[PDB]
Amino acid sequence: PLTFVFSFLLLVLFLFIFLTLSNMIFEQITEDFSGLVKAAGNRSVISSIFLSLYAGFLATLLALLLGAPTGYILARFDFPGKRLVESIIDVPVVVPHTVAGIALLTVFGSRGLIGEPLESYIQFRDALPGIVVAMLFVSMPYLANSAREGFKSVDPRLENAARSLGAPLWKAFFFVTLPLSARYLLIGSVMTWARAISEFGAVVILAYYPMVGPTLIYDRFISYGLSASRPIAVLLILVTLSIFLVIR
């Protein structure tokens, strides 16, 4: 009865997603398998991937360095602005990609809050640190919420137990809390790394040019049409599944 209808609609969604990402690979490994072989050597491509993984790995180390403690905090304390602070962290997944780029530019752009007064030390726009900051703003939430639930997982008593045995808060956090929340931090970091690798709109506006994997695919798509376009998108996914799957 109801189970059926519902199950049909579901099978739908499944195919919808599955067929789409499948189909796309099908084409490539069908009508022009060689295209891949070409992309594989094409520096433009390899440089765009290694860049993504790179920029990403970085944004993650920042996420780790900020989301982690934001989690430990959020999972143990209760202050007045927990609601607000808790929402700002949540927001970045609803700030339209473009918008985030513009907004980000307004700060790290050569004429922005932090970008203007820092022309001598580091440049942001069209540079690496520009894409790094972009990614972070979009993927950070993941490592946060994930590191919160991680710490939330490890109950207080253990920290208190260590404390009374003679361990200072950090020794507690380091020898106990942390190691026990690892499984959560690890996943969250990787989830982050992947929300980064896959960020387009946000990055384009601030630093479209060192051509990040996802941007490249768009560049090619308009210029050289869908042919030199697909082979890069297929080559990119395979890397996402490789990563995503070597760990989840």
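Start at 1 with the first residue shown and count on from there.
Averaged over CA atoms, B-factors in the entry run higher in 114-122 than in the other of 137-145 and 114-122.
When the mean C-alpha temperature factors of 212-220 and 36-44 are read from the deposited coordinates, 36-44 comes out higher. Taking the PDB entry at face value, the top CA B factor among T30, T192, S52, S181 belongs to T30. Among all modelled residues in its chain, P129 ranks in the lowest third by Cα B-factor. When all modelled residues of the chain are sorted by CA temperature factor, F77 is found within the middle third.
Ranked by C-alpha B-factor against the other modelled residues of its chain, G101 falls in the highest third. Per the PDB record, residue ranking by Cα B-factor puts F108 in the highest third of the chain.
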